[PDB]
Amino acid sequence: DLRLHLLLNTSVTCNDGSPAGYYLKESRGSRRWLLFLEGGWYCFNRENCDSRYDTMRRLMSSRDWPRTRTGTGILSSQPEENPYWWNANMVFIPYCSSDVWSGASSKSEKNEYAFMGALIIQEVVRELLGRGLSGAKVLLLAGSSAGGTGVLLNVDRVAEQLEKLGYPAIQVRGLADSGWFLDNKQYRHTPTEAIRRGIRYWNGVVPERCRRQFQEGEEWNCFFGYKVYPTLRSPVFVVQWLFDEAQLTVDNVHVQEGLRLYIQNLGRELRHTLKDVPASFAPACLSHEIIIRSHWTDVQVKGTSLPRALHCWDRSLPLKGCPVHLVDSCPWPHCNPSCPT
Ligand SMILES: COc1ccc(CNC(=O)[C@@H]2CCCO2)cc1
């Protein structure tokens, strides 16, 4: 069980003004810290956010959160479930800002909702330092779906924050799961308009080198992995199914020659954007998310599991028998026999 702590700085809030927070399970014999960002889409205007508040309120408010949560997958403390980091200090950060972890805007008389995802990450890091993070050797910032995009937008800011506070020995790294999307043509028209409306609504913030490349009005580009990743300085491992279900939903895909070619070309383009990503894991499967799933140990690429590939990454920071770049070449979902059923 990880235990809930609401933030001590109560001006850092979920959408509705209630305090944000984190779940923690300490491991006093370990100098490794894992901070996981939850996902869950986003909202981009008043009417859209009001609908979310009616039926997805735990993603907008801490008022109903439970006092504990079970750690699963990479957050499990059991060696049989988590061969990678079972002895680490475990942190789960709930997503209650609906801004893909980018916002830095308070509620006020002109704003019905607060969007403070980027500040929530900073405040969690600051309060953990007094609970033992000051002694860390590695801080791994991990996240799934919207949280995986949030890793890409925030890992370098966390590195900078710890450096400016006087902790230069803590190595900050990122793990982005199912957060790597393509702004491609759809199979059928109903696109990027939602994320363009949202960044304005949230006052969203993107990494500094990427904002300087794309410049004003075009910062929405930095929410797409293949465009922001080359600008990052911290080490980042990318996990992405080649046929991701949230990608295909937005593409209006639910088999004739036209659809076959469409699907095969999506997998080829995805494989192409990962070619110069040295630490990555990308199986040829139709699925979404993996790292906090209990059976995340099961899938393999070229005979290597995801927990093994992450261990090889730790060692690298080429190794005989212990690879770190694992991308499937076969062109159709579930051409890899280890795909989840
Ligand atoms: C075809 O164009 C798209 C395909 C997939 C998505 C899904 N991803 C998101 O909506 C957010 C914003 C960007 C990163 O995550 C969005 C547009």
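A few notes on this one:
- Complete set of residues in the stretch 298-327 that are under 20 Å from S144 (Cβ atoms), touching a strand residue (DSSP E or B) at 6+ places or on another chain (Cβ under 6 Å) and either surrounded by fewer than 17 Cβ atoms within 10 Å (Cβ to Cβ) or not small (G, A, S) (or both): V301, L306, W313, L326, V327
- Condition met for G179 (over 22 Å from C49 (Cβ atoms), under 16 Å from the mean Cα position of the chain (by Cα), of a type outside the set (A, V, I, L, M, F, W, C) and within 13 Å of the ligand (Cβ to nearest atom)): no
- Residue in the stretch 183-191 that is in contact with a strand residue (DSSP E or B) (Cβ under 8 Å, 6 or more places away or on another chain) and either more than 12 Å from the ligand (Cβ to nearest atom) or not in a helix (DSSP H, G or I) (or both) present: no
- Some residue of the stretch 114-131 being touching a helix residue (DSSP H, G or I) at 6+ places or on another chain (Cβ under 7 Å), more than 27 Å from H288 (Cα to Cα) and in a helix (DSSP H, G or I): yes
- Applying the condition of being closer than 24 Å to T231 by Cβ and among the polar types (S, T, N, Q) to the stretch 270-329 and asking which residue is farthest from the chain's Cα centre (by Cα) yields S316.
- Checked against the criteria, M56 counts as of a type in the set (A, V, I, L, M) and surrounded by fewer than 22 Cβ atoms within 10 Å (Cβ to Cβ).
- Among the numbered conditions (1) more than 13 Å from the ligand (Cβ to nearest atom); (2) surrounded by 17 or more Cβ atoms within 10 Å (Cβ to Cβ), the only one that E218 does not meet is (2).
- Enumeration of residues in the stretch 94-113 that are surrounded by 24 or more Cβ atoms within 10 Å (Cβ to Cβ) and either among the hydrophobic types (A, V, I, L, M, F, W, C) or closer than 19 Å to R126 by Cα (or both): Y95, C96, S97, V100, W101, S102, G103
- Of all residues in the stretch 62-83, those satisfying the criterion of being in a loop (DSSP other than H, G, I, E, B) and either under 20 Å from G174 (Cα atoms) or touching a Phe, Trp or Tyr at 6+ places or on another chain (Cβ under 8 Å) (or both) are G71, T72, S76, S77, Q78, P79, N82, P83.
- Failed criterion for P331 (all others in (1) closer than 24 Å to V155 by Cβ; (2) in a loop (DSSP other than H, G, I, E, B); (3) out of contact with any strand residue (DSSP E or B) (no Cβ under 8 Å at 6 or more places or on another chain) hold): (1)
- Yes/no for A169 being outside any helix (DSSP H, G or I), surrounded by fewer than 24 Cβ atoms within 10 Å (Cβ to Cβ) and of a type in the set (A, V, I, L, M, F, W, C): yes
- The residues of the stretch 7-40 that are hydrophobic (A, V, I, L, M, F, W, C) and exposed (fewer than 15 other Cβ atoms within 10 Å of the Cβ) amount to a single one, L8.
- Residues of the stretch 1-22 classified as assigned to a strand (DSSP E or B) and under 21 Å from the mean Cα position of the chain (by Cα), total: 5
- For the stretch 192-212, the candidate set comprises residues that are surrounded by 14 or more Cβ atoms within 10 Å (Cβ to Cβ) and either polar (S, T, N, Q) or near the ligand (Cβ under 9 Å from one of its atoms) (or both); within that set, the residue that is farthest from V250 (Cα to Cα) is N203.
- All positions within the stretch 223-272 that are within 13 Å of the ligand (Cβ to nearest atom), crowded, with 17+ Cβ neighbours inside 10 Å, assigned to a helix (DSSP H, G or I) and polar (S, T, N, Q): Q247
- When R315, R293 are checked against the criterion of being under 15 Å from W85 (Cα atoms) and part of a helix (DSSP H, G or I), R315 stands alone in meeting it.
FYI, it's all coordinate maths here, none of it is from the lab. No Cβ is skipped: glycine too gets one built from the backbone with ideal geometry, and neighbour counts run over all protein chains shown.
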